[PDB]
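See below for the structure under consideration.
What is reported rests on the model, the rules as stated and the sources as named; no laboratory read-out is quoted. Neighbour counts run over all protein chains shown; Cβ positions are idealised from the backbone, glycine included.
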Amino acid sequence: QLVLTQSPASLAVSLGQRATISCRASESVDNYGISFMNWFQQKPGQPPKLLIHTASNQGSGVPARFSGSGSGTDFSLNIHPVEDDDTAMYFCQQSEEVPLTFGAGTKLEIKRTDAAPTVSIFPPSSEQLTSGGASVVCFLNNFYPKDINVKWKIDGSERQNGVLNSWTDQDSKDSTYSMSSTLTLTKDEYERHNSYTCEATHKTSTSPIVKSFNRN
Amino acid sequence: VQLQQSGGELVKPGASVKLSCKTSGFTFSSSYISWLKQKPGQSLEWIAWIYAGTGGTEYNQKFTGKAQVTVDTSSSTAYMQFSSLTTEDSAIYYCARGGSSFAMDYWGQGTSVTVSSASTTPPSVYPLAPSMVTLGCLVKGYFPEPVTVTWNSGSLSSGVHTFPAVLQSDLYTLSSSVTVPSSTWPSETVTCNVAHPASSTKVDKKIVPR
(Lines give C-alpha, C1' and ligand atoms only; values in the text may rest on other atoms or scores of the structure.)
Protein backbone atom coordinates (compact mmCIF):
# COMPACT_ATOMS: atom_id res chain seq x y z
CA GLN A 1 0.00 0.00 0.00
CA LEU A 2 1.34 3.38 -1.11
CA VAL A 3 2.24 5.71 1.79
CA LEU A 4 1.92 9.46 1.26
CA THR A 5 4.01 11.72 3.51
CA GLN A 6 2.74 15.28 3.85
CA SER A 7 4.52 18.21 5.39
CA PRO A 8 4.25 20.22 7.43
CA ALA A 9 1.57 18.92 9.82
CA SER A 10 0.33 22.50 10.11
CA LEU A 11 1.40 25.92 9.00
CA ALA A 12 0.23 29.47 9.60
CA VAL A 13 0.35 31.95 6.73
CA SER A 14 -0.49 35.66 6.64
CA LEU A 15 -3.18 37.02 4.34
CA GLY A 16 -1.62 37.76 0.98
CA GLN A 17 1.42 35.50 1.40
CA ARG A 18 2.27 32.08 -0.05
CA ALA A 19 1.39 28.67 1.40
CA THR A 20 3.36 25.64 0.23
CA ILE A 21 2.46 22.08 1.19
CA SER A 22 4.54 19.10 0.10
CA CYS A 23 3.60 15.46 -0.51
CA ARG A 24 6.16 12.67 -0.74
CA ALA A 25 4.86 9.38 -2.08
CA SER A 26 6.87 6.37 -0.97
CA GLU A 27 6.64 5.43 -4.64
CA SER A 28 6.12 6.84 -8.11
CA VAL A 29 2.51 7.65 -9.00
CA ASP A 30 3.42 8.11 -12.69
CA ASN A 31 1.70 6.07 -15.39
CA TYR A 32 1.49 6.94 -19.09
CA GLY A 33 3.40 10.20 -18.65
CA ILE A 34 0.70 11.33 -16.19
CA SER A 35 1.17 11.86 -12.45
CA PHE A 36 -1.86 10.53 -10.53
CA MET A 37 -1.62 12.95 -7.61
CA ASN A 38 -4.72 14.80 -6.36
CA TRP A 39 -5.19 17.53 -3.75
CA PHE A 40 -8.28 18.06 -1.60
CA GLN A 41 -9.43 20.91 0.66
CA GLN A 42 -11.79 20.08 3.53
CA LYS A 43 -13.50 22.57 5.75
CA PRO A 44 -14.93 21.53 9.11
CA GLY A 45 -18.00 19.32 8.86
CA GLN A 46 -17.97 19.50 5.05
CA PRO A 47 -16.94 16.82 2.59
CA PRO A 48 -13.53 17.12 0.91
CA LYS A 49 -13.43 19.18 -2.23
CA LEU A 50 -11.10 18.44 -5.13
CA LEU A 51 -8.61 21.27 -5.77
CA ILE A 52 -6.02 19.78 -8.16
CA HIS A 53 -6.20 16.60 -10.22
CA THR A 54 -3.43 14.74 -12.05
CA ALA A 55 -0.77 16.79 -10.27
CA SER A 56 -1.29 20.17 -11.95
CA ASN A 57 -4.87 20.59 -13.24
CA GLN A 58 -7.49 22.82 -11.64
CA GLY A 59 -10.69 21.41 -10.22
CA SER A 60 -13.88 22.91 -11.58
CA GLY A 61 -14.30 26.41 -10.18
CA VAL A 62 -10.89 26.29 -8.45
CA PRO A 63 -9.08 29.65 -8.94
CA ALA A 64 -5.47 29.83 -10.06
CA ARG A 65 -4.22 30.86 -6.59
CA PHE A 66 -4.26 27.07 -6.09
CA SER A 67 -1.62 25.32 -8.17
CA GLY A 68 -0.11 21.85 -8.00
CA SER A 69 3.31 20.81 -9.25
CA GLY A 70 5.58 17.79 -9.34
CA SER A 71 6.44 14.42 -10.86
CA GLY A 72 7.32 10.91 -9.74
CA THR A 73 7.40 10.99 -5.93
CA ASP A 74 7.51 14.71 -5.04
CA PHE A 75 4.45 16.98 -5.25
CA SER A 76 3.62 20.49 -4.07
CA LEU A 77 0.51 22.60 -3.51
CA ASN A 78 0.99 26.36 -3.75
CA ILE A 79 -1.62 28.84 -2.54
CA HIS A 80 -0.81 32.42 -3.58
CA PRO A 81 -2.22 34.64 -2.37
CA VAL A 82 -3.75 33.10 0.75
CA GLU A 83 -7.23 34.44 1.54
CA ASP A 84 -9.31 34.36 4.71
CA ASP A 85 -11.44 31.47 3.42
CA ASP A 86 -8.45 29.15 3.02
CA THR A 87 -8.24 27.81 6.56
CA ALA A 88 -8.86 24.07 6.11
CA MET A 89 -7.33 20.62 6.00
CA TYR A 90 -5.36 19.85 2.82
CA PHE A 91 -4.85 16.24 1.74
CA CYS A 92 -2.89 14.86 -1.15
CA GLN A 93 -4.26 11.62 -2.64
CA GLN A 94 -2.85 9.09 -5.13
CA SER A 95 -4.89 7.33 -7.82
CA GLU A 96 -2.03 5.39 -9.41
CA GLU A 97 -2.48 2.11 -7.55
CA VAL A 98 -5.19 0.32 -5.59
CA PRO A 99 -5.73 0.92 -2.67
CA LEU A 100 -6.24 4.65 -3.14
CA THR A 101 -4.44 6.37 -0.27
CA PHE A 102 -4.45 9.83 1.30
CA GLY A 103 -1.73 11.75 3.04
CA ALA A 104 -2.33 12.42 6.72
CA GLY A 105 -3.21 16.01 5.82
CA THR A 106 -1.92 19.55 6.47
CA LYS A 107 -3.84 22.13 8.51
CA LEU A 108 -3.56 25.66 7.08
CA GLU A 109 -4.35 28.54 9.39
CA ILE A 110 -4.44 32.31 8.94
CA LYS A 111 -1.69 34.07 10.84
CA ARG A 112 -2.96 37.21 12.60
CA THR A 113 -1.48 39.36 15.36
CA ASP A 114 -1.28 38.08 18.92
CA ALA A 115 -4.43 38.20 21.07
CA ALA A 116 -4.54 37.40 24.80
CA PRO A 117 -7.42 35.13 25.81
CA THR A 118 -10.44 36.62 27.60
CA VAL A 119 -10.73 34.31 30.62
CA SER A 120 -14.03 33.69 32.46
CA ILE A 121 -14.53 31.37 35.43
CA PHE A 122 -17.86 30.02 36.66
CA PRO A 123 -18.56 28.12 39.86
CA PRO A 124 -20.93 25.13 39.66
CA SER A 125 -24.55 26.21 39.40
CA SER A 126 -26.70 25.49 42.42
CA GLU A 127 -28.81 23.28 40.12
CA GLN A 128 -25.84 21.00 39.37
CA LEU A 129 -25.03 20.65 43.09
CA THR A 130 -28.47 19.13 43.75
CA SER A 131 -27.36 16.13 41.62
CA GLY A 132 -24.18 15.54 43.71
CA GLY A 133 -21.71 16.74 41.04
CA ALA A 134 -19.83 20.02 40.64
CA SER A 135 -18.24 21.35 37.45
CA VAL A 136 -16.06 24.47 37.53
CA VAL A 137 -15.95 25.98 34.05
CA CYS A 138 -13.30 28.21 32.51
CA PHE A 139 -13.67 29.84 29.08
CA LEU A 140 -10.51 31.20 27.43
CA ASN A 141 -11.88 33.00 24.41
CA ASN A 142 -10.55 34.65 21.27
CA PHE A 143 -6.80 34.06 21.53
CA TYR A 144 -3.98 33.74 18.99
CA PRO A 145 -1.69 31.82 18.49
CA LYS A 146 -3.43 28.53 19.23
CA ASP A 147 -0.83 27.12 21.64
CA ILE A 148 -2.06 27.33 25.25
CA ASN A 149 -1.94 25.33 28.48
CA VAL A 150 -4.48 25.52 31.30
CA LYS A 151 -3.82 24.55 34.89
CA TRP A 152 -6.37 24.29 37.68
CA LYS A 153 -5.65 25.05 41.33
CA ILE A 154 -7.82 24.39 44.39
CA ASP A 155 -6.82 26.36 47.49
CA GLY A 156 -3.57 27.01 45.63
CA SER A 157 -2.66 23.36 45.00
CA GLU A 158 -2.63 22.13 41.41
CA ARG A 159 -5.35 19.64 40.45
CA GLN A 160 -4.77 17.56 37.30
CA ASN A 161 -7.39 14.79 37.53
CA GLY A 162 -10.94 15.47 36.39
CA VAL A 163 -10.11 18.21 33.87
CA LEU A 164 -11.76 18.18 30.45
CA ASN A 165 -10.63 20.56 27.69
CA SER A 166 -12.32 21.36 24.38
CA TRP A 167 -11.23 23.86 21.72
CA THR A 168 -12.83 25.53 18.71
CA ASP A 169 -11.23 25.75 15.29
CA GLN A 170 -9.98 29.09 13.99
CA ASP A 171 -12.85 31.56 13.82
CA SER A 172 -13.54 32.50 10.20
CA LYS A 173 -14.22 36.14 11.21
CA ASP A 174 -11.39 37.20 13.56
CA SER A 175 -9.03 34.21 13.10
CA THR A 176 -8.78 33.43 16.83
CA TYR A 177 -9.19 30.24 18.82
CA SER A 178 -11.32 29.60 21.89
CA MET A 179 -11.03 26.96 24.60
CA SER A 180 -13.26 25.48 27.30
CA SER A 181 -11.78 23.80 30.40
CA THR A 182 -14.04 21.99 32.87
CA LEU A 183 -12.90 20.72 36.26
CA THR A 184 -15.43 18.27 37.71
CA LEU A 185 -15.54 17.21 41.37
CA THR A 186 -18.01 15.73 43.78
CA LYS A 187 -20.26 18.19 45.56
CA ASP A 188 -18.65 17.20 48.85
CA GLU A 189 -15.07 17.89 47.73
CA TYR A 190 -16.18 21.09 46.00
CA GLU A 191 -17.71 22.43 49.20
CA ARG A 192 -14.67 21.57 51.30
CA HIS A 193 -12.53 24.19 49.57
CA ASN A 194 -12.73 27.91 49.05
CA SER A 195 -10.49 29.21 46.27
CA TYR A 196 -10.75 27.96 42.65
CA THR A 197 -8.29 29.13 40.02
CA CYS A 198 -8.07 28.70 36.26
CA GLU A 199 -4.49 29.34 35.13
CA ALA A 200 -3.43 29.75 31.47
CA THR A 201 0.00 29.98 29.90
CA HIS A 202 0.07 31.72 26.52
CA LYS A 203 2.56 33.58 24.32
CA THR A 204 0.83 36.85 25.32
CA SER A 205 2.51 36.82 28.75
CA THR A 206 5.60 35.34 30.40
CA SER A 207 3.53 34.91 33.60
CA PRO A 208 0.47 32.66 33.97
CA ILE A 209 -2.84 34.37 33.25
CA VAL A 210 -4.96 33.86 36.38
CA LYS A 211 -8.69 33.97 37.03
CA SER A 212 -10.24 32.75 40.24
CA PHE A 213 -13.17 32.99 42.60
CA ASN A 214 -13.63 32.27 46.28
CA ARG A 215 -16.62 30.08 47.10
CA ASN A 216 -17.43 32.81 49.65
CA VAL B 1 -24.25 17.20 -9.85
CA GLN B 2 -25.47 15.86 -6.54
CA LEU B 3 -24.92 12.89 -4.26
CA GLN B 4 -27.52 12.61 -1.51
CA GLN B 5 -26.45 10.29 1.31
CA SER B 6 -28.77 8.63 3.81
CA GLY B 7 -29.26 9.84 7.35
CA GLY B 8 -26.99 9.13 10.29
CA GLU B 9 -27.26 5.89 12.23
CA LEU B 10 -26.72 4.72 15.82
CA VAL B 11 -26.29 0.92 15.87
CA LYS B 12 -25.01 -1.58 18.41
CA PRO B 13 -21.84 -3.65 17.98
CA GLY B 14 -22.20 -6.70 15.77
CA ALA B 15 -24.81 -5.00 13.57
CA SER B 16 -24.92 -4.08 9.87
CA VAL B 17 -25.86 -0.79 8.17
CA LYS B 18 -26.97 -0.18 4.59
CA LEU B 19 -25.72 3.25 3.46
CA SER B 20 -27.20 4.75 0.31
CA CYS B 21 -26.12 7.42 -2.13
CA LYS B 22 -28.71 8.81 -4.53
CA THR B 23 -27.07 10.66 -7.41
CA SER B 24 -28.20 12.93 -10.23
CA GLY B 25 -26.75 15.33 -12.76
CA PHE B 26 -24.36 12.99 -14.56
CA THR B 27 -24.49 9.80 -16.57
CA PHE B 28 -24.49 7.17 -13.83
CA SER B 29 -23.77 4.26 -16.19
CA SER B 30 -20.49 5.86 -17.08
CA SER B 31 -18.91 6.75 -13.73
CA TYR B 32 -17.19 5.19 -10.71
CA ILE B 33 -18.63 5.54 -7.20
CA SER B 34 -16.28 5.30 -4.22
CA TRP B 35 -17.04 4.81 -0.53
CA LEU B 36 -14.72 6.31 2.09
CA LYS B 37 -14.29 6.38 5.88
CA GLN B 38 -13.09 9.35 7.97
CA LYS B 39 -12.80 9.39 11.73
CA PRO B 40 -13.03 12.75 13.54
CA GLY B 41 -9.75 14.62 13.22
CA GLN B 42 -8.15 11.96 10.99
CA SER B 43 -7.57 11.49 7.26
CA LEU B 44 -9.66 9.53 4.76
CA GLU B 45 -9.45 5.78 4.09
CA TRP B 46 -10.75 4.57 0.74
CA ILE B 47 -13.00 1.53 1.29
CA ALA B 48 -14.18 0.47 -2.18
CA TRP B 49 -15.39 1.65 -5.56
CA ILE B 50 -17.95 0.27 -8.01
CA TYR B 51 -18.08 0.98 -11.75
CA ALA B 52 -21.75 1.65 -12.31
CA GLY B 53 -21.91 0.49 -15.93
CA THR B 54 -20.78 -3.05 -15.13
CA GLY B 55 -21.33 -3.32 -11.38
CA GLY B 56 -17.76 -4.49 -10.89
CA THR B 57 -16.09 -3.65 -7.58
CA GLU B 58 -12.59 -3.16 -6.17
CA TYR B 59 -12.07 -3.36 -2.41
CA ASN B 60 -9.45 -2.14 -0.01
CA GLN B 61 -8.08 -5.31 1.62
CA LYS B 62 -8.12 -3.55 5.02
CA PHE B 63 -11.95 -3.84 5.01
CA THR B 64 -12.70 -6.80 2.72
CA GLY B 65 -15.49 -8.92 4.13
CA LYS B 66 -17.10 -6.02 5.95
CA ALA B 67 -18.09 -4.03 2.85
CA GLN B 68 -20.38 -4.92 -0.03
CA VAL B 69 -21.01 -2.28 -2.69
CA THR B 70 -23.79 -2.36 -5.26
CA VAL B 71 -25.68 -0.01 -7.56
CA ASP B 72 -29.29 0.07 -8.67
CA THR B 73 -28.96 1.42 -12.18
CA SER B 74 -32.65 2.27 -12.55
CA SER B 75 -32.49 4.92 -9.77
CA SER B 76 -28.89 6.25 -10.03
CA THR B 77 -28.24 5.01 -6.49
CA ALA B 78 -25.15 3.37 -4.99
CA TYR B 79 -25.24 1.30 -1.79
CA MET B 80 -22.78 0.09 0.80
CA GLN B 81 -23.59 -2.63 3.30
CA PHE B 82 -21.10 -2.54 6.16
CA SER B 83 -21.29 -5.55 8.48
CA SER B 84 -19.65 -6.93 11.66
CA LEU B 85 -19.66 -3.37 12.97
CA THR B 86 -17.42 -2.55 15.94
CA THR B 87 -16.97 0.63 17.95
CA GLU B 88 -13.93 1.41 15.80
CA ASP B 89 -16.16 1.73 12.75
CA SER B 90 -17.79 4.79 14.35
CA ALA B 91 -17.00 7.47 11.77
CA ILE B 92 -18.37 9.55 8.90
CA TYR B 93 -18.86 7.56 5.67
CA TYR B 94 -18.69 9.33 2.30
CA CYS B 95 -19.67 8.37 -1.20
CA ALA B 96 -17.82 10.24 -3.97
CA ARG B 97 -17.98 10.20 -7.77
CA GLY B 98 -14.62 8.89 -8.83
CA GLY B 99 -12.37 5.88 -8.74
CA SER B 100 -9.77 4.19 -10.88
CA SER B 101 -7.64 6.88 -12.54
CA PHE B 102 -10.47 9.40 -12.14
CA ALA B 103 -10.19 11.91 -9.33
CA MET B 104 -13.13 12.10 -6.94
CA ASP B 105 -14.64 15.39 -8.05
CA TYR B 106 -18.09 15.28 -6.40
CA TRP B 107 -18.86 14.17 -2.86
CA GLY B 108 -21.82 13.29 -0.75
CA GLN B 109 -22.52 15.14 2.47
CA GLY B 110 -21.37 12.17 4.59
CA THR B 111 -23.32 9.63 6.68
CA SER B 112 -22.40 9.54 10.38
CA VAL B 113 -22.45 5.96 11.76
CA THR B 114 -22.06 5.58 15.53
CA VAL B 115 -21.43 2.04 16.81
CA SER B 116 -21.96 1.89 20.56
CA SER B 117 -23.33 -0.26 23.34
CA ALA B 118 -24.47 2.87 25.20
CA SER B 119 -28.14 3.78 25.55
CA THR B 120 -29.77 7.04 24.41
CA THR B 121 -29.60 9.42 27.33
CA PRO B 122 -31.01 12.98 27.45
CA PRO B 123 -28.84 15.91 28.56
CA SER B 124 -28.75 17.79 31.85
CA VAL B 125 -28.52 21.54 31.22
CA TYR B 126 -26.90 23.93 33.69
CA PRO B 127 -26.74 27.75 33.63
CA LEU B 128 -23.37 29.48 33.86
CA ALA B 129 -23.88 32.92 35.40
CA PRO B 130 -21.21 35.40 36.69
CA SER B 131 -18.06 46.23 30.09
CA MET B 132 -18.67 42.84 28.45
CA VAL B 133 -20.12 39.98 30.43
CA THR B 134 -19.69 36.31 29.53
CA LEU B 135 -22.59 33.89 30.20
CA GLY B 136 -22.70 30.21 29.52
CA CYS B 137 -24.44 26.88 29.27
CA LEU B 138 -23.13 23.48 30.35
CA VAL B 139 -24.76 20.44 28.70
CA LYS B 140 -23.76 17.22 30.41
CA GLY B 141 -24.41 13.49 30.35
CA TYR B 142 -26.09 12.82 27.01
CA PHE B 143 -25.81 10.24 24.21
CA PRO B 144 -25.57 10.04 21.25
CA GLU B 145 -24.33 13.13 19.55
CA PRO B 146 -25.44 15.71 18.49
CA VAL B 147 -26.90 18.29 20.83
CA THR B 148 -27.20 21.78 19.43
CA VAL B 149 -27.14 25.00 21.42
CA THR B 150 -28.54 28.38 20.43
CA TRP B 151 -28.99 31.61 22.39
CA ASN B 152 -32.32 33.51 22.33
CA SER B 153 -33.78 31.06 19.83
CA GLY B 154 -30.90 31.61 17.41
CA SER B 155 -31.26 35.38 17.28
CA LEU B 156 -28.23 35.88 19.56
CA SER B 157 -25.33 34.90 17.34
CA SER B 158 -22.37 37.25 17.73
CA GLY B 159 -20.01 36.56 20.63
CA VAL B 160 -21.08 32.90 20.82
CA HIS B 161 -18.64 30.00 21.18
CA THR B 162 -20.04 26.47 21.11
CA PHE B 163 -17.36 23.91 21.88
CA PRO B 164 -17.08 20.38 20.42
CA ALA B 165 -18.49 17.67 22.66
CA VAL B 166 -16.07 15.40 24.49
CA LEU B 167 -16.88 11.79 25.42
CA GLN B 168 -16.08 10.70 28.96
CA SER B 169 -17.57 7.68 30.77
CA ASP B 170 -19.71 6.94 27.64
CA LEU B 171 -21.60 10.23 28.01
CA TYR B 172 -20.99 13.49 26.21
CA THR B 173 -20.43 16.96 27.68
CA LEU B 174 -20.30 20.25 25.82
CA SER B 175 -20.44 23.90 26.75
CA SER B 176 -21.33 27.15 25.06
CA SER B 177 -20.43 30.71 26.01
CA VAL B 178 -21.92 34.03 24.91
CA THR B 179 -20.46 37.52 25.58
CA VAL B 180 -22.84 40.49 25.61
CA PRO B 181 -22.59 44.16 26.66
CA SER B 182 -23.11 44.52 30.42
CA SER B 183 -25.72 47.22 29.85
CA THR B 184 -27.73 44.58 27.97
CA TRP B 185 -27.88 41.85 30.71
CA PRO B 186 -29.65 41.22 33.02
CA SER B 187 -31.85 44.06 31.74
CA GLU B 188 -32.53 41.93 28.64
CA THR B 189 -33.15 38.22 28.62
CA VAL B 190 -30.42 35.75 27.67
CA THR B 191 -31.55 32.11 27.27
CA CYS B 192 -29.73 28.92 26.29
CA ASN B 193 -31.78 26.68 23.94
CA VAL B 194 -30.56 23.06 23.92
CA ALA B 195 -31.86 20.39 21.57
CA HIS B 196 -31.15 16.67 21.61
CA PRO B 197 -33.12 15.04 18.74
CA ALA B 198 -32.12 11.49 19.64
CA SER B 199 -34.04 11.80 22.91
CA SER B 200 -36.69 14.18 21.56
CA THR B 201 -35.66 16.77 24.18
CA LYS B 202 -35.73 20.57 24.06
CA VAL B 203 -34.52 22.58 27.08
CA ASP B 204 -34.54 26.37 27.58
CA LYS B 205 -32.47 27.76 30.44
CA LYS B 206 -32.76 31.47 31.24
CA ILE B 207 -29.52 32.83 32.67
CA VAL B 208 -30.26 34.87 35.80
CA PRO B 209 -27.70 36.45 38.15
CA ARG B 210 -26.45 34.21 40.99
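A few notes on this one:
- Of everything listed in (1) under 24 Å from A:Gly133 (Cβ atoms); (2) away from every other protein chain (no Cβ under 14 Å), the single unmet condition for B:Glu188 is (1).
- The residue of the stretch A:145-182 that is nearest to A:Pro44 (Cα to Cα), among those that are surrounded by 17 or more Cβ atoms within 10 Å (Cβ to Cβ) and among the β-branched types (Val, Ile, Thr), is A:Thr168.
- Answer residue from the stretch B:33-46, given it is touching a strand residue (DSSP E or B) at 6+ places or on another chain (Cβ under 9 Å) and either among the charged types (D, E, K, R) or more than 9 Å from chain A (Cβ to nearest Cβ) (or both) and is farthest from B:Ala78 (Cα to Cα) among those: B:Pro40
- Residues within the stretch A:197-213 that are surrounded by fewer than 17 Cβ atoms within 10 Å (Cβ to Cβ), more than 14 Å from chain B (Cβ to nearest Cβ) and assigned to a strand (DSSP E or B), tallied: 2
- Criterion applied to B:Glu88, B:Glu58 was being under 18 Å from B:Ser100 (Cα atoms) and among the charged types (D, E, K, R), and the one residue passing it is B:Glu58.
- Residues (within 14 Å of another protein chain (Cβ to nearest Cβ), buried (at least 18 other Cβ atoms within 10 Å of the Cβ) and not hydrophobic (A, V, I, L, M, F, W, C)) located in the stretch A:82-98: A:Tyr90, A:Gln93, A:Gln94, A:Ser95, A:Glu96
- Taking the stretch B:91-210 as the region of interest, the strands (runs of 3 or more DSSP E) fully inside it that hold 3 or more residues being buried (at least 19 other Cβ atoms within 10 Å of the Cβ) are B:91-99, B:102-107, B:111-115, B:124-128, B:132-142, B:148-151, B:171-181, B:191-196.
- Among the residues of the stretch A:104-121, at least one is within 30 Å of A:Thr73 (Cβ to Cβ), assigned to a loop (DSSP other than H, G, I, E, B) and in the same structural domain as A:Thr73 (by CATH).
- Subset of the stretch B:73-85 (residues that are within 26 Å of the chain's Cα centre (by Cα) and of a type outside the set (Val, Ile, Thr)): B:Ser75, B:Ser76, B:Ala78, B:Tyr79, B:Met80, B:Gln81, B:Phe82, B:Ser83, B:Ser84, B:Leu85
- Given (1) more than 30 Å from A:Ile110 (Cβ to Cβ); (2) of a type in the set (D, E, K, R); (3) more than 14 Å from chain B (Cβ to nearest Cβ), number of the condition A:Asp147 does not satisfy: (1)
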